[PDB]
$ cat structure_37.pdb   # PDB, C-alpha atoms
ATOM      1  CA  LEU A   1     146.213  76.058  49.520
ATOM      2  CA  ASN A   2     148.092  79.282  48.695
ATOM      3  CA  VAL A   3     148.346  82.010  51.351
ATOM      4  CA  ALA A   4     145.132  84.118  51.411
ATOM      5  CA  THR A   5     145.606  87.559  49.792
ATOM      6  CA  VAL A   6     142.262  89.227  48.347
ATOM      7  CA  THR A   7     138.573  88.775  48.475
ATOM      8  CA  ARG A   8     136.259  90.471  46.041
ATOM      9  CA  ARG A   9     136.371  94.227  46.160
ATOM     10  CA  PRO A  10     134.387  95.812  49.047
ATOM     11  CA  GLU A  11     130.774  96.701  48.241
ATOM     12  CA  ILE A  12     129.560  99.944  49.800
ATOM     13  CA  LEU A  13     126.010 101.346  49.705
ATOM     14  CA  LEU A  14     125.589 105.093  50.278
ATOM     15  CA  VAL A  15     122.075 106.234  51.229
ATOM     16  CA  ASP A  16     121.153 109.934  51.080
ATOM     17  CA  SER A  17     118.613 112.059  49.262
ATOM     18  CA  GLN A  18     120.959 115.066  49.321
ATOM     19  CA  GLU A  19     122.931 115.389  46.092
ATOM     20  CA  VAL A  20     125.768 117.403  47.705
ATOM     21  CA  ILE A  21     126.427 114.467  50.059
ATOM     22  CA  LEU A  22     126.270 111.807  47.332
ATOM     23  CA  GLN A  23     128.604 113.935  45.254
ATOM     24  CA  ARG A  24     131.139 114.509  48.015
ATOM     25  CA  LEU A  25     131.093 110.759  48.776
ATOM     26  CA  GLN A  26     131.540 109.820  45.101
ATOM     27  CA  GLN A  27     134.424 112.307  44.744
ATOM     28  CA  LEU A  28     136.159 110.916  47.863
ATOM     29  CA  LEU A  29     135.504 107.224  47.356
ATOM     30  CA  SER A  30     135.520 106.621  43.595
ATOM     31  CA  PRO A  31     139.360 106.710  43.348
ATOM     32  CA  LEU A  32     139.585 103.916  45.948
ATOM     33  CA  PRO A  33     139.152 100.164  45.241
ATOM     34  CA  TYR A  34     135.519  99.856  46.238
ATOM     35  CA  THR A  35     132.319  99.000  44.343
ATOM     36  CA  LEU A  36     129.863 101.799  45.125
ATOM     37  CA  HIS A  37     126.051 101.875  45.015
ATOM     38  CA  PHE A  38     123.933 104.978  45.637
ATOM     39  CA  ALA A  39     120.404 104.991  47.020
ATOM     40  CA  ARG A  40     118.246 108.084  47.290
ATOM     41  CA  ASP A  41     115.638 106.686  49.707
ATOM     42  CA  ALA A  42     115.156 103.813  52.146
ATOM     43  CA  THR A  43     113.132 101.681  49.724
ATOM     44  CA  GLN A  44     115.885 101.850  47.109
ATOM     45  CA  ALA A  45     118.459 100.922  49.756
ATOM     46  CA  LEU A  46     116.447  97.883  50.794
ATOM     47  CA  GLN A  47     115.911  96.756  47.205
ATOM     48  CA  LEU A  48     119.647  97.093  46.484
ATOM     49  CA  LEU A  49     120.439  94.991  49.549
ATOM     50  CA  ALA A  50     118.023  92.272  48.466
ATOM     51  CA  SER A  51     119.751  92.107  45.082
ATOM     52  CA  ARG A  52     123.450  91.721  45.969
ATOM     53  CA  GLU A  53     125.985  91.315  48.769
ATOM     54  CA  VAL A  54     126.838  94.601  50.471
ATOM     55  CA  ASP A  55     129.637  94.901  53.016
ATOM     56  CA  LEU A  56     128.915  98.364  54.379
ATOM     57  CA  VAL A  57     125.932 100.729  54.366
ATOM     58  CA  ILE A  58     126.414 104.423  55.154
ATOM     59  CA  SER A  59     123.044 106.144  55.670
ATOM     60  CA  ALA A  60     121.899 109.677  56.307
ATOM     61  CA  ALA A  61     119.601 110.244  59.281
ATOM     62  CA  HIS A  62     116.815 111.877  57.245
ATOM     63  CA  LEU A  63     115.221 109.974  54.299
ATOM     64  CA  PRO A  64     111.741 109.841  52.543
ATOM     65  CA  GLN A  65     109.929 106.579  53.796
ATOM     66  CA  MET A  66     111.634 105.952  57.116
ATOM     67  CA  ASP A  67     114.517 107.692  58.764
ATOM     68  CA  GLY A  68     118.070 106.414  58.692
ATOM     69  CA  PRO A  69     118.108 104.862  62.184
ATOM     70  CA  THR A  70     114.904 102.952  61.291
ATOM     71  CA  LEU A  71     116.419 101.761  58.008
ATOM     72  CA  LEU A  72     119.611 100.703  59.794
ATOM     73  CA  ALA A  73     117.588  98.792  62.398
ATOM     74  CA  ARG A  74     115.891  96.836  59.622
ATOM     75  CA  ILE A  75     119.218  96.197  57.893
ATOM     76  CA  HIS A  76     120.731  94.927  61.163
ATOM     77  CA  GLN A  77     118.107  92.218  61.447
ATOM     78  CA  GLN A  78     117.588  91.367  57.758
ATOM     79  CA  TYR A  79     121.145  91.777  56.462
ATOM     80  CA  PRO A  80     123.381  90.996  59.425
ATOM     81  CA  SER A  81     126.495  90.636  57.158
ATOM     82  CA  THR A  82     126.396  94.335  56.315
ATOM     83  CA  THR A  83     128.220  96.740  58.697
ATOM     84  CA  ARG A  84     126.265  99.934  59.464
ATOM     85  CA  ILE A  85     127.289 103.601  59.694
ATOM     86  CA  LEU A  86     125.165 106.699  60.375
ATOM     87  CA  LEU A  87     126.285 109.884  58.638
ATOM     88  CA  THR A  88     124.448 113.014  59.833
ATOM     89  CA  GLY A  89     124.847 116.667  60.831
ATOM     90  CA  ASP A  90     121.655 116.528  62.910
ATOM     91  CA  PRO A  91     122.675 116.870  66.577
ATOM     92  CA  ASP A  92     119.357 115.358  67.833
ATOM     93  CA  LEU A  93     120.410 112.728  70.348
ATOM     94  CA  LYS A  94     117.002 111.056  70.143
ATOM     95  CA  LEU A  95     117.799 110.140  66.526
ATOM     96  CA  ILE A  96     121.390 109.166  67.490
ATOM     97  CA  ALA A  97     120.016 107.017  70.317
ATOM     98  CA  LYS A  98     117.835 105.127  67.915
ATOM     99  CA  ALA A  99     120.799 104.550  65.644
ATOM    100  CA  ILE A 100     122.692 103.040  68.606
ATOM    101  CA  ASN A 101     119.882 101.142  70.286
ATOM    102  CA  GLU A 102     117.954  99.881  67.296
ATOM    103  CA  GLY A 103     120.345 100.514  64.374
ATOM    104  CA  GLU A 104     123.354  99.144  66.336
ATOM    105  CA  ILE A 105     125.641 101.281  64.220
ATOM    106  CA  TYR A 106     129.331 100.522  64.138
ATOM    107  CA  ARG A 107     130.415 104.132  63.587
ATOM    108  CA  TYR A 108     128.860 107.584  63.638
ATOM    109  CA  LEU A 109     130.116 110.339  61.311
ATOM    110  CA  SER A 110     129.066 114.011  61.110
ATOM    111  CA  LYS A 111     128.141 116.188  58.137
ATOM    112  CA  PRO A 112     130.461 117.826  57.271
ATOM    113  CA  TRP A 113     133.165 115.231  57.908
ATOM    114  CA  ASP A 114     136.932 115.183  57.893
ATOM    115  CA  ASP A 115     138.007 113.082  54.883
ATOM    116  CA  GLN A 116     140.735 111.114  56.690
ATOM    117  CA  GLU A 117     138.437 110.415  59.683
ATOM    118  CA  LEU A 118     135.771 109.063  57.326
ATOM    119  CA  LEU A 119     138.313 106.941  55.409
ATOM    120  CA  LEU A 120     139.646 105.474  58.652
ATOM    121  CA  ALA A 121     136.077 104.642  59.830
ATOM    122  CA  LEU A 122     135.523 102.936  56.482
ATOM    123  CA  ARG A 123     138.712 100.820  56.841
ATOM    124  CA  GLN A 124     137.714  99.847  60.376
ATOM    125  CA  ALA A 125     134.173  99.020  59.299
ATOM    126  CA  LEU A 126     135.311  96.851  56.373
ATOM    127  CA  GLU A 127     137.814  95.028  58.523
ATOM    128  CA  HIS A 128     135.082  94.432  61.143
ATOM    129  CA  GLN A 129     132.737  93.131  58.472
ATOM    130  CA  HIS A 130     135.362  90.726  57.177
ATOM    131  CA  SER A 131     136.213  89.435  60.665
ATOM    132  CA  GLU A 132     132.506  88.970  61.473
ATOM    133  CA  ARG A 133     131.917  87.129  58.190
ATOM    134  CA  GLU A 134     134.811  84.815  59.030
ATOM    135  CA  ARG A 135     132.725  83.838  62.051
ATOM    136  CA  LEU A 136     129.271  82.931  60.740
TER     137      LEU A 136
ATOM    138  CA  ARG B   1     126.229  80.808  84.727
ATOM    139  CA  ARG B   2     124.826  83.916  86.444
ATOM    140  CA  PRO B   3     125.473  87.222  84.583
ATOM    141  CA  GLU B   4     127.918  89.647  86.119
ATOM    142  CA  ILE B   5     127.177  93.391  85.849
ATOM    143  CA  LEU B   6     129.481  96.298  86.744
ATOM    144  CA  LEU B   7     127.765  99.607  87.457
ATOM    145  CA  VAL B   8     129.921 102.740  87.317
ATOM    146  CA  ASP B   9     128.537 106.125  88.472
ATOM    147  CA  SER B  10     130.024 108.996  90.447
ATOM    148  CA  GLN B  11     126.954 109.278  92.693
ATOM    149  CA  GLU B  12     126.067 107.022  95.573
ATOM    150  CA  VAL B  13     122.343 107.771  95.041
ATOM    151  CA  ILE B  14     122.467 106.385  91.500
ATOM    152  CA  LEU B  15     124.300 103.212  92.510
ATOM    153  CA  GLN B  16     121.715 102.728  95.285
ATOM    154  CA  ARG B  17     118.905 103.059  92.816
ATOM    155  CA  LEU B  18     120.463 100.656  90.366
ATOM    156  CA  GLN B  19     121.020  98.179  93.216
ATOM    157  CA  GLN B  20     117.382  98.397  94.149
ATOM    158  CA  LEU B  21     116.202  97.937  90.597
ATOM    159  CA  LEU B  22     118.507  95.010  89.879
ATOM    160  CA  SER B  23     118.795  93.058  93.162
ATOM    161  CA  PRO B  24     115.484  91.217  92.484
ATOM    162  CA  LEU B  25     116.998  89.736  89.292
ATOM    163  CA  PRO B  26     119.460  86.821  89.099
ATOM    164  CA  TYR B  27     122.491  88.985  88.363
ATOM    165  CA  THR B  28     125.729  89.369  90.282
ATOM    166  CA  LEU B  29     126.358  93.119  90.778
ATOM    167  CA  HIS B  30     129.586  95.077  91.216
ATOM    168  CA  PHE B  31     129.736  98.823  91.947
ATOM    169  CA  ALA B  32     132.297 101.489  91.149
ATOM    170  CA  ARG B  33     132.356 105.265  91.743
ATOM    171  CA  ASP B  34     135.110 106.047  89.242
ATOM    172  CA  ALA B  35     137.287 104.505  86.537
ATOM    173  CA  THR B  36     140.017 103.375  88.964
ATOM    174  CA  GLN B  37     137.506 101.364  90.984
ATOM    175  CA  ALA B  38     135.940  99.964  87.797
ATOM    176  CA  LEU B  39     139.314  98.778  86.528
ATOM    177  CA  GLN B  40     140.123  97.180  89.902
ATOM    178  CA  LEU B  41     136.887  95.204  89.715
ATOM    179  CA  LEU B  42     137.448  94.262  86.079
ATOM    180  CA  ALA B  43     140.816  92.754  87.006
ATOM    181  CA  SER B  44     139.392  90.795  89.932
ATOM    182  CA  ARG B  45     135.890  89.655  88.872
ATOM    183  CA  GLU B  46     134.273  88.123  85.854
ATOM    184  CA  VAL B  47     132.267  90.926  84.277
ATOM    185  CA  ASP B  48     129.851  90.472  81.389
ATOM    186  CA  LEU B  49     128.118  93.861  81.204
ATOM    187  CA  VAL B  50     129.424  97.313  82.117
ATOM    188  CA  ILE B  51     127.030 100.257  82.587
ATOM    189  CA  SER B  52     128.810 103.612  83.009
ATOM    190  CA  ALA B  53     127.912 107.218  83.524
ATOM    191  CA  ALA B  54     129.551 109.775  81.234
ATOM    192  CA  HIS B  55     130.947 112.053  83.912
ATOM    193  CA  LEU B  56     133.409 110.499  86.325
ATOM    194  CA  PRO B  57     135.962 112.262  88.561
ATOM    195  CA  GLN B  58     139.047 111.478  86.503
ATOM    196  CA  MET B  59     138.997 109.271  83.376
ATOM    197  CA  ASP B  60     135.509 109.869  81.959
ATOM    198  CA  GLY B  61     132.855 107.389  80.928
ATOM    199  CA  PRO B  62     133.453 107.212  77.151
ATOM    200  CA  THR B  63     137.237 106.990  77.745
ATOM    201  CA  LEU B  64     136.671 104.212  80.304
ATOM    202  CA  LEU B  65     134.335 102.368  77.922
ATOM    203  CA  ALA B  66     136.919 102.634  75.125
ATOM    204  CA  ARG B  67     139.561 101.224  77.502
ATOM    205  CA  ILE B  68     137.191  98.348  78.399
ATOM    206  CA  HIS B  69     136.515  97.638  74.709
ATOM    207  CA  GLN B  70     140.279  97.351  74.187
ATOM    208  CA  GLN B  71     141.176  95.404  77.335
ATOM    209  CA  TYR B  72     138.026  93.337  77.951
ATOM    210  CA  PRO B  73     136.567  92.982  74.432
ATOM    211  CA  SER B  74     134.090  90.221  75.361
ATOM    212  CA  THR B  75     132.133  92.651  77.536
ATOM    213  CA  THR B  76     129.006  94.469  76.401
ATOM    214  CA  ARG B  77     128.898  98.178  77.389
ATOM    215  CA  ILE B  78     126.098 100.684  78.003
ATOM    216  CA  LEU B  79     126.405 104.453  78.470
ATOM    217  CA  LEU B  80     123.852 105.729  81.004
ATOM    218  CA  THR B  81     124.111 109.535  81.300
ATOM    219  CA  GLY B  82     122.081 112.669  82.029
ATOM    220  CA  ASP B  83     124.309 114.750  79.764
ATOM    221  CA  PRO B  84     123.093 114.756  76.122
ATOM    222  CA  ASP B  85     126.491 115.742  74.770
ATOM    223  CA  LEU B  86     127.033 114.643  71.194
ATOM    224  CA  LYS B  87     130.830 114.661  71.683
ATOM    225  CA  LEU B  88     130.574 112.148  74.562
ATOM    226  CA  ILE B  89     128.064 109.950  72.738
ATOM    227  CA  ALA B  90     130.139 109.965  69.544
ATOM    228  CA  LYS B  91     133.230 108.798  71.396
ATOM    229  CA  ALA B  92     131.196 106.166  73.206
ATOM    230  CA  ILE B  93     130.119 104.804  69.768
ATOM    231  CA  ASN B  94     133.347 105.126  67.807
ATOM    232  CA  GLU B  95     135.836 104.202  70.528
ATOM    233  CA  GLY B  96     133.643 102.569  73.193
ATOM    234  CA  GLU B  97     131.483 100.558  70.739
ATOM    235  CA  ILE B  98     128.602 100.840  73.192
ATOM    236  CA  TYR B  99     125.657  98.514  72.781
ATOM    237  CA  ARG B 100     123.101 100.938  74.199
ATOM    238  CA  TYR B 101     122.857 104.618  75.198
ATOM    239  CA  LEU B 102     120.185 105.595  77.740
ATOM    240  CA  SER B 103     119.455 108.943  79.349
ATOM    241  CA  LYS B 104     119.207 109.507  83.097
ATOM    242  CA  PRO B 105     116.741 109.543  84.659
ATOM    243  CA  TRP B 106     116.031 106.212  83.032
ATOM    244  CA  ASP B 107     112.824 104.348  82.306
ATOM    245  CA  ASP B 108     112.969 101.112  84.366
ATOM    246  CA  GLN B 109     111.255  99.044  81.644
ATOM    247  CA  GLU B 110     113.649 100.284  78.968
ATOM    248  CA  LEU B 111     116.735  99.813  81.103
ATOM    249  CA  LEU B 112     115.707  96.262  82.026
ATOM    250  CA  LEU B 113     115.045  95.491  78.351
ATOM    251  CA  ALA B 114     118.485  96.809  77.417
ATOM    252  CA  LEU B 115     120.028  94.435  79.949
ATOM    253  CA  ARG B 116     118.062  91.430  78.713
ATOM    254  CA  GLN B 117     119.028  92.237  75.130
ATOM    255  CA  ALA B 118     122.671  92.880  76.110
ATOM    256  CA  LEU B 119     122.837  89.526  77.917
ATOM    257  CA  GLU B 120     121.412  87.690  74.904
ATOM    258  CA  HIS B 121     123.961  89.577  72.730
ATOM    259  CA  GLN B 122     126.814  88.965  75.252
ATOM    260  CA  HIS B 123     125.832  85.278  75.272
ATOM    261  CA  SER B 124     126.451  84.598  71.567
ATOM    262  CA  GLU B 125     129.400  86.992  70.995
TER     263      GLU B 125
END

$ encode --input "structure_37.pdb" --output "structure tokens"
Amino acid sequence: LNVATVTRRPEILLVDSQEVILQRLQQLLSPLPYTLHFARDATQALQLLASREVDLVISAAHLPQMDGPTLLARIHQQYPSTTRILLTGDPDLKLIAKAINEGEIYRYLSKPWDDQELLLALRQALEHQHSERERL
Amino acid sequence: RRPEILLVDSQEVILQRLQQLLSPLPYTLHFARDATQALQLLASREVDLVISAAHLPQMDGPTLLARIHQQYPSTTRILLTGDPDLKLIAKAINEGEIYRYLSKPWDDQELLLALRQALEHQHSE
């Protein structure tokens, strides 16, 4: 076989009800070689995940049906191939603790974020996802 | 084999309390009061799980946990701290890749659960 080069393009799901956040994410990420999906509540996120492979989910902390840490906890158990990131400006460490202890997030990012910090977390998360998928 | 747990906290009283909580269980315990002692133990003992405070006299807890992630990647790491500082917690996630974060004073039932889950996670990783 030929040397391995590229898999299919990364698939990223962004979950937030706030339009400013979805817009800032689209502006930052759409020029890069990723397939993006946007979900405006937890139920939409879960339905998207049931319908296609997703490499990375980035969720807000606050969402309509269940909060972000709760959503990420469900995703951890039901979609273990998807790497998980919490994106929030809420400093509540009870919510953060849930994201760690139940969501098992790979990275935590603040709102607002530094663009290059977020892009680096994304690279690290996609590389982690690929290495983990090489395993199981 | 028997799980090996390293406990890192600046205070004798806290190490004593962890020893009392954990000595009934079939775990081999190691104790450190700072990052230098933790690193000495890590180089001289098999360690599966590391539990660290956030505040330590020199190199702090999240920095120590990041160093352990880099140098001893097969370990599972827990931050156990009384300081709800977002900056410390964020570093413990993004650089330490902690498995659990618990506040001090802890709930015994929750801390013991975290260890059982960590050992089951440590087992398969």

$ interface_residues --input "structure_37.pdb" --of "chain A" --to "chain B" --cutoff "7 Å" --atoms "only C-alpha atoms" --output "ChimeraX atom specification"
/A:91,93,97,100-101,104,106-108

$ residues_near_point --input "structure_37.pdb" --point "(132.2, 90.8, 77.4)" --cutoff "7 Å" --atoms "only C-alpha atoms" --output "VMD selection string"
chain B and resid 47 to 49 72 to 76 122

$ resolve_selection --input "structure_37.pdb" --expression "the PyMOL selection byres ((chain A and resi 109) around 12)" --output "compact mmCIF listing (two decimals) with C-alpha atoms, in the frame of the given file"
# COMPACT_ATOMS: atom_id res chain seq x y z
CA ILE A 58 126.41 104.42 55.15
CA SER A 59 123.04 106.14 55.67
CA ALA A 60 121.90 109.68 56.31
CA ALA A 61 119.60 110.24 59.28
CA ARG A 84 126.26 99.93 59.46
CA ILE A 85 127.29 103.60 59.69
CA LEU A 86 125.16 106.70 60.38
CA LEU A 87 126.28 109.88 58.64
CA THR A 88 124.45 113.01 59.83
CA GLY A 89 124.85 116.67 60.83
CA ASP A 90 121.66 116.53 62.91
CA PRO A 91 122.68 116.87 66.58
CA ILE A 96 121.39 109.17 67.49
CA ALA A 99 120.80 104.55 65.64
CA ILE A 105 125.64 101.28 64.22
CA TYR A 106 129.33 100.52 64.14
CA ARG A 107 130.42 104.13 63.59
CA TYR A 108 128.86 107.58 63.64
CA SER A 110 129.07 114.01 61.11
CA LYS A 111 128.14 116.19 58.14
CA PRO A 112 130.46 117.83 57.27
CA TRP A 113 133.16 115.23 57.91
CA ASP A 114 136.93 115.18 57.89
CA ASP A 115 138.01 113.08 54.88
CA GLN A 116 140.74 111.11 56.69
CA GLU A 117 138.44 110.42 59.68
CA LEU A 118 135.77 109.06 57.33
CA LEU A 119 138.31 106.94 55.41
CA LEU A 120 139.65 105.47 58.65
CA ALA A 121 136.08 104.64 59.83
CA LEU A 122 135.52 102.94 56.48
CA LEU B 86 127.03 114.64 71.19
CA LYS B 87 130.83 114.66 71.68
CA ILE B 89 128.06 109.95 72.74
CA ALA B 90 130.14 109.96 69.54
CA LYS B 91 133.23 108.80 71.40
CA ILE B 93 130.12 104.80 69.77
CA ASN B 94 133.35 105.13 67.81

$ closest_residue --input "structure_37.pdb" --among "A:83, A:69, A:75, A:127" --to "residue 95 in chain A" --atoms "only C-alpha atoms"
A:69

$ atom_distance --input "structure_37.pdb" --atom1 "CA of residue 102 in chain A" --atom2 "CA of residue 70 in chain B"
23.5 Å

$ atom_distance --input "structure_37.pdb" --atom1 "CA of residue 9 in chain B" --atom2 "CA of residue 109 in chain B"
19.9 Å
